[PDB]
Number of protein chains: 2
Amino acid sequence: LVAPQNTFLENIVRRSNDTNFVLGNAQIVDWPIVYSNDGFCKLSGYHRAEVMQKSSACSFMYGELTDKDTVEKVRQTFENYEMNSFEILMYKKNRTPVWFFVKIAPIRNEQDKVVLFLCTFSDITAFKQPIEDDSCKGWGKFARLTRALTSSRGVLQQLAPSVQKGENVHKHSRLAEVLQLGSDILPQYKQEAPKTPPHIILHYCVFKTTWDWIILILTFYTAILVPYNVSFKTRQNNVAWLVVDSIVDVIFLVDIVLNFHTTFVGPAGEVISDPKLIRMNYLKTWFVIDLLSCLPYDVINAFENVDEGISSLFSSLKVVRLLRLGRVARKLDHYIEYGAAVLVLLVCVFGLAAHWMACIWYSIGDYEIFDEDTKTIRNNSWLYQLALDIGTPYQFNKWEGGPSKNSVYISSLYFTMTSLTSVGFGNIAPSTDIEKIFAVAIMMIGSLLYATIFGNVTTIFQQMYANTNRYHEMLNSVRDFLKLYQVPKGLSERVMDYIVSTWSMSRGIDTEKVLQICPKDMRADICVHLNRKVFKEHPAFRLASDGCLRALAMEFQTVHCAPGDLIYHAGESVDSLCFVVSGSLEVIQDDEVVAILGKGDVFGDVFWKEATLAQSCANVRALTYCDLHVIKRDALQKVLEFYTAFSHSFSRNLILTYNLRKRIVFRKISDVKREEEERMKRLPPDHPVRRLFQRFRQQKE
Amino acid sequence: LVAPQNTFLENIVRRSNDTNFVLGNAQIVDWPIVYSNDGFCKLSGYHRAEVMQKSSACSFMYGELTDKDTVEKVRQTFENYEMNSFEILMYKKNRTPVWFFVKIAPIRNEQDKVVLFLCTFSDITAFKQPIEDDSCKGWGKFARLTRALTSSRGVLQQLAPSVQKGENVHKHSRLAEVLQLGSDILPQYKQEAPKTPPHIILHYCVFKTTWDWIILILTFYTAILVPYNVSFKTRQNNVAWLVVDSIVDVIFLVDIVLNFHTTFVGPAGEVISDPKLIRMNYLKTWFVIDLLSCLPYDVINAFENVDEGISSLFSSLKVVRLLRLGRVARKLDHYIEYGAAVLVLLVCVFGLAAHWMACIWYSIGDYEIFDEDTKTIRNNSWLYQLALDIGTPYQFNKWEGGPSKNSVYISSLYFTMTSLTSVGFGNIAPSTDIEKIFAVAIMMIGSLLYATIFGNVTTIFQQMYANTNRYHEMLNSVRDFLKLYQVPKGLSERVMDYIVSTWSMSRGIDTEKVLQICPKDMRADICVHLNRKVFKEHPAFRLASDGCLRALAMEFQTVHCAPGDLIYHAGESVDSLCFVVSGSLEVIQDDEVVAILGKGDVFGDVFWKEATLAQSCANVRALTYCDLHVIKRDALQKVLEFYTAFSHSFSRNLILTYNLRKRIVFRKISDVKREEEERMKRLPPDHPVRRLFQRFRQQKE
């Protein structure tokens, strides 16, 4: 989410440290100036526009005291493209001769070419010999030159008055700030994305995504396992549990380390990648909590110490890595956001709450069943009830254990579960006060959890139906309109066929909306792409310029059509030129076929010549599914008159297939036979019709 | 929700009591008139427009009989800004000389300045000596003057014919209505919000809001506690319950008093704050109910009287303060309305209904268990069943009590609860007829309550997803369109990058919609703010007037762009001026870099000079993320020709960085070397090409 960016001006101005620079082209003869810094503009007194395009040699800066040897040296250093520095008198706009130190640095290109020359300048007037062509006084001229030397007199040499013979180090101090420009020359005219530090890996790499999926699976597995072991306090018989616990805790610590070594996205900035601040930000935000939550705290339980009862609660506290997950959810859900991702999040929280409240019901029962050394059986307890139900009742002499831990686990799970979805079988009763308060807490939280899933599942029916409903409402309105206004079957089915076909090919595409969203130049490129067919195939466009091509692409509109469609009916005013790129067309003149139109054909009229609109002499009808491109007369004329140069070539190259303004005369064989046989079968009062004949002859004259 | 308002005209006209007044400026020499009342307009006969801007001295009113002493007195009283009153003959528009009483009152300003002079006038003709320059008759002139004196003859002196020598009090009666104007002078030209009475406190103060939160918590606590004590009829063992009950009832009475002393909002008026009506409105609407509901009625139970069984039902009746809360809800919910406030309202009504129906189930059981002195155990009762289930069965000799009240409370709560959410454990059965009807009532109301929460929770998924769905549908349509029309990868990713970046930076912002919602002047201010950058930094605008600045701000449009974007391709018609405020730009001429554009640069053409559009000679492309401001030629020309004065300064100050109409010529070093080595390696039939050469020379001539 970043563009190949160029930063040369900002980089060079920031590296300059209040110095000045001038830029000029390398490959053009005499190397014209392409840029001048504001500092140079003010130092020379000449404006940027008047220094623009001038020669890099700065001959326009020269004066009588300039050195032909220096001129030759700058000339040959330009012609050989090496780094150098110089010292020479130069003339300001007031034609005051003043001293200058100069350095040159041509800049290479990413293509290993060399494109640019870079210049730097500095005053040394207050330190060189005094010179004055004309002055009010020698001391006054000295003071004025020293006050002009403020650039050197500033931070670059502010310590000078505390020392003597400072010129032994002032030259090097000035030269270092220009020698630093070698780093500025590095990008070599290239515009490119900035770099990021190593050992901090981009968060969006596929390897990091599968790492995120792995830590997902790990935290889900730990959230399963933890409440089980902590509730039942089972014996550590197989070392595998401790092995898995320690490895998964250390892999979580490594995950925290990679968050400490990975890119992060902030609300105030699209990408944040500086190690010097990302680590501290991650710390101060959430890294302290991550450290508080993700260590292998079970090592304390594995070891032995005087910390009686201190470290027990670590397991549920470290389950919370689901909260790291929830922070990641903002991104990770979007891989299934299409698909209602929250469905899995629901299922997971269901399972988690079920297991949690299973262990809670177990804990309450276990705490209640025996009344300590008082030996009160408390037969009212649910666990006693289930023990007697399943058999193997308790005994004493000593105590019998009755039910087994596995069966009792599933007992608790199943009660939690039935409470969760309100089926309430009722075989296992919450007899005691605290059992029965816990029943409050569980079924309340269950109902709140329960409402959400109905909302979630309803959230998809809009997608599943509303599009069809939009189609349905337009179709129903069309039906009512069409039937209400009594359109016969032919035109009615033509209308509905057009509606259904165009809707099938379109649906949700808003092509005009996409166009107007698109910015002007990309719009130009899109329409050029869409009219590429006619542009390449028709020879009239083989000569066009890119600008006129773009404008014509804006103007062009493409029409698909069904067979039997009538494009130009007789007597209609022709106003458009049109091309055929698919299908075929036919022309009807006086109910007679006179022309057929195929691929690549173009017909219309010479608008640029006639300049007057005319009626259509014939009818043109489709016989195939055809694609056509049409152009309006006025816009075509405007583009043509703007591009007069292309206009002449376009006029002389373009030839039409048929011209709608002209028409042909003909005779039918049947009509000729009728006339011949009528002649085979074959006036003084006709003076009025003869007068009409004479009038017609005069009009035709 | 009120603006700093001015009411001087309405206030003074209402205080005037049918008198007249005239206003004039204080700080302008000769004090021109700024306003004239309609009464004065009609009394003088001169129209408002012709009296406008005239001198406050009313010299244009004067006549031969006027007094130079009075003229000097009004002059010096104006020059010294004191209050005074006067009497003088003046002339009406018909040039009839008539008597006038006059009073003057300059008005101060909120800045302790003085800005305005106020005048008042009145006729005394019928009481002063008779005067007539020319008349039909003396008695007729007397009658006409008396009929002109109707202003004094009206309500100000209507009692005069019942008295004699009334002039001893008529002057004071007239003067009082003008002396009242001192209160009218109070606001001192200031426009400000009106005042509200003390001891009635604004309802929206933060202290009042936290008071509302406190009364919320109090009524919630009382609603918890009341059905418990009233159902179980527990002994009053700790005085703390009575203490809390009495303090909370009296704090509710104090709350009712503060509603009686606080602002209230009515549908017919945005703010209602008059004590003389707000108290009565609050009374007649709801204050009678508040008094009916909020007293410490438990004092009767604490005391002793012959009122056997009268005062018991007070507690549930005073719980209803949740209805005061519900009236407040219209406002109070909106602090959590963002956040689906109704969720807490649900949770609260849940808890309330649970506890209520707990106490109801308890009441039914307690009423049923024992069949009075008949000693029928009624073992069918649910409470008997639970007693035998838990143990400690009932006994007699005398009666054993069995279950304890705490356990029985939670029993009832828990049954109500399981009935509420239909889990229906079934261990506690409604055996008896009435138990079992109550089961009807509870589970019916439970299902009605239950449906609401699903609606509530579904109400959020639109917010959670529909925005993403809008983005999804446009992206899907773009994908289908782009792939269907076979755009290569380069342009395809350019398009999708533009779409996603613009959508990320925009989302729900409809900037154009905000603009068109905004009214014209604030639109002007917004665009001035947005173009402040160019306005302040570019010297050409340092001279502009506010009106032309506003119009140009309306015209300006800003464009952000990505690197590689081509603004003006070669051969395109230049029609816009444009400025650079961010990033950098580069210019390509004949595939050669010729110019670079930086911060603050401007390029285009001199439209106001050339007046003819021209094609672009070069190409300009972006290398950085850049922000630009563009101006259309036609609107710029129109604004300039309107503001001709600024036009000359703008033309003479403005200088372009590069002009698209002009172009540069150059040569390549490689091309020069090729030509030189070709010359190192180096016509009669050429007459046709020589003729072309001669034609070219003639055309260039």
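If you go along the chain as it appears here, the first residue is 1 and each next one adds 1.
Here the Cβ of each residue, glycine as well, is placed from N, Cα and C on the backbone.
Swiss-Prot lists B:5-85 with the feature domain 'PAS', giving sequence analysis as the kind of evidence.
Residues or ranges marked as domain 'PAC' in Swiss-Prot (evidence: sequence analysis): B:84-136.
Note on B:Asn379 (N-linked glycosylation site): other Cβ atoms within 10 Å of its Cβ, all shown chains, come to 12. Reduced to three states, the DSSP call for B:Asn379 (N-linked glycosylation site) is coil. If you look up Swiss-Prot, you'll see B:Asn379 (among others) marked as N-linked glycosylation site, on the strength of experimental evidence.
The number of other CB atoms found within 10 A of the CB of B:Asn397 (N-linked glycosylation site), across every protein chain shown, is 5. Summarising the annotation, Swiss-Prot assigns N-linked glycosylation site to B:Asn397 (among others).
Among the features that Swiss-Prot reports, intramembrane segment is placed at B:408-429. Same-chain residues lying 6 or more positions outside the intramembrane segment (B:408-429) and placing a CB less than 8 Å from one of its CB atoms are 228, 232, 350, 353-355, 357-362, 365, 382-383, 385-386, 439, 442-443, 446-447, 449-450.
Annotation comment: Swiss-Prot describes B:142-153 as region 'Required for phosphatidylinositol bisphosphate binding', evidence class similarity to another entry. Break the region 'Required for phosphatidylinositol bisphosphate binding' (B:142-153) down by DSSP state and the numbers are 11 helix, 0 strand, 1 coil.
Taken from Swiss-Prot, the feature motif 'Selectivity filter' applies to B:422-427, supported by experimental evidence.
The topological domain 'Extracellular' annotation in Swiss-Prot covers B:233-239 (among others). Sorting each residue of the topological domain 'Extracellular' (B:233-239) by its DSSP state yields 0 helix, 0 strand, 7 coil.
The topological domain 'Cytoplasmic' feature in Swiss-Prot is assigned to B:261-281 (among others); the stated evidence is experimental evidence. Per-class residue totals from DSSP over the topological domain 'Cytoplasmic' (B:261-281), listed helix then strand then coil: 7 helix, 8 strand, 6 coil.
Under the heading topological domain 'Extracellular', Swiss-Prot lists B:301-309 (among others). Shown for the topological domain 'Extracellular' (B:301-309): DSSP residue counts in helix, strand and coil, namely 2 helix, 0 strand, 7 coil.
Annotated topological domain 'Cytoplasmic' per Swiss-Prot: B:333-341 (among others), in sequence order.
Sequence-remote contacts of a segment are chain residues at least 6 beyond its ends whose Cβ falls under 8 Å from one of its Cβ atoms, and for the topological domain 'Extracellular' (B:430-436) they are 361, 364-365, 368, 380-382, 385. If you look up Swiss-Prot, you'll see B:430-436 (among others) marked as topological domain 'Extracellular'.
Under the heading transmembrane segment, Swiss-Prot lists B:212-232 (among others). Using a Cβ-Cβ cut-off under 8 Å and counting only residues 6 or more beyond its ends in the same chain, the transmembrane segment (B:212-232) has close neighbours at 241, 248, 251-252, 255, 315-316, 318-319, 321-322, 324-325, 328, 332, 348, 351-352, 355-356, 358-359, 362-363, 405, 409.
Feature annotation from Swiss-Prot assigns transmembrane segment to B:240-260 (among others).
Swiss-Prot lists B:282-300 (among others) with the feature transmembrane segment, giving experimental evidence as the kind of evidence. Beyond its flanks by at least six residues, the transmembrane segment (B:282-300) meets 242, 245-246, 249-250, 252-253, 255-256, 259-260, 264, 307, 310-311, 314-315, 317-318, 320-321, 323-324, 327 of its own chain at Cβ-Cβ distances under 8 Å.
According to Swiss-Prot, the transmembrane segment annotation covers B:310-332 (among others).
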Tally of helix, strand and coil residues over the domain 'PAS' (B:5-85) according to DSSP?
36 helix, 12 strand, 33 coil
Sort out the residues at least 6 away from either end of the topological domain 'Extracellular' (B:233-239), same chain, that have Cβ-Cβ distances under 8 Å to it, and list them.
405
What parts of the chain pack near the topological domain 'Extracellular' (B:301-309), using Cβ distances under 8 Å and only residues at least 6 beyond its ends?
242
For the topological domain 'Cytoplasmic' (B:333-341), the DSSP residue counts stand at 4 helix, 0 strand, 5 coil
Calculate the distance in Å between the alpha carbons (Cα) of B:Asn379 (N-linked glycosylation site) and B:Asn397 (N-linked glycosylation site), and round it to a whole number.
18
Across the topological domain 'Extracellular' (B:430-436), DSSP yields 4 helix, 0 strand, 3 coil
